[PDB]
């Protein structure tokens, strides 16, 4: 249960998101969760009225097993009233990480784990601990 290293997750952008709101397209933010972890999920900022949001927002997670653990990204639409509705999601195993390399991925958004839902572009940088 002791952390092997730290993975730096950059949420870069989404491209081609579906229209969801009656006007303005969507107000997207991303939730990021790491499997086999009790840390509450992280989220990006809300981008208002943008189907091609650009975030470049960075998050850090403690890694306890690079072989087993997977990240889950979920794109939600913000509204002031009501619960955010999920627009799409996908998963990304940490066994695709590379130590000390920025590695970029394009995840197609899907309904669950069909209509096209856009792409999410992210980066991972794995910094393992030494000695």
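Positions refer to the first chain, counted from 1.
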Quiz item: From residue 113 to residue 114, how many deposited residues does the entry skip: none, 1 to 3, 4 to 9, or 10 or more?
Solution: 4 to 9
Quiz item: Out of 29-37 and 54-62, which stretch has the higher average CA B-factor listed in the record?
Solution: 29-37
Practice problem: Read off the CA B-factors in the entry, average them over 42-50 and over 69-77, and name the higher stretch. | Solution: 69-77
Quiz item: Should residue 117 be placed in the lowest, middle or highest third of its chain by the C-alpha B factor in the entry?
Solution: highest
